[PDB]
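**Q** The structure's right below; bear with me while I get my questions together.
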Amino acid sequence: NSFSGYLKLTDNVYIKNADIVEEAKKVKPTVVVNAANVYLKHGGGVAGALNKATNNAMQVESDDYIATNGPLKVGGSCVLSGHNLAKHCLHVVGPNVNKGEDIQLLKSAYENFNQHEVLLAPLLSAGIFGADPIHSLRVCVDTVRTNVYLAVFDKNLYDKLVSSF
Ligand SMILES: CC(C)[C@H](CO)Nc1ncnc2[nH]ccc12
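Residue numbers (PDB author numbering): 4 to 168.
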């Protein structure tokens, strides 16, 4: 958990312009959050990037979790291995608002972070799930009570988030 170069936005939310994968390799945090879907199929966005950095070990473990437990619910989570990136990976499902899933579930999704004292995380529902990323940061700030270190790779978005905050 040796985080460097973050800006403190609130008492417990920090932000940095970085690829979450590079932050995980540098810090090896206790928990890295994945922006997952309900079947834990890590095909693109943050999920695809984290799985590729484990050389598909995350996907083989996720497929076994689904075989034994069934899919997660939107707003839900599960804790699996963090492989080479972290001690644990917290897979969290935000709503895919472009497919009509309710934006109210973005609060439920960020509530999962409160089970861990310190997390390295992306913005939920803010990639291909279609939610406005500045709205996602507002829900994060209003819901997470533990220490969250957010990594946002796109500099244009990072600058807009810092300016809005
Ligand atoms: C979620 C989305 C707004 C954001 C935009 O840069 N994506 C990411 N954020 C952080 N590390 C990442 N690695 C691969 C993608 C990615």
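Yeah, the Cβ is synthetic: ideal placement off N, Cα and C, and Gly gets one too.
1. Pull every residue with its beta-carbon under 6 Å away from any heavy atom of ligand 1, and keep them in chain order.
2. Starting from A124, follow its DSSP beta bridges and name the residues at the other end.
3. If you draw a straight line from the C-alpha of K158 to the C-alpha of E26, how long is it?
4. Under 8 Å between the Cβ atoms of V24 and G130?
5. According to the neighbour-count rule (16 or more other Cβ atoms, all chains shown, within 10 Å of its Cβ), is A39 buried or exposed?
6. Going by DSSP, what residues sit across from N20 in a beta bridge?
7. From what residue to what residue does the alpha helix (DSSP H) around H138 run?
8. Please report the straight-line C-alpha distance between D67 and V121, rounded to a whole angstrom.
9. According to DSSP, what are the bridge partners of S7?
10. Here's the rule I'm using: 16 or more other beta-carbon atoms within 10 Å means buried, otherwise exposed. How should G8 be labelled?
11. Cα-Cα, which of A70, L109 and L123 is closest to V34?
**A** This is what the structure gives:
1. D22, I23, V24, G48, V49, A52, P125, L126, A129, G130, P136, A154, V155, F156, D157 and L160
2. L153
3. 15 Å
4. no
5. buried
6. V155
7. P136 to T146
8. 27 Å
9. Paired residue(s): none; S7 is not in a bridge.
10. exposed
11. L123
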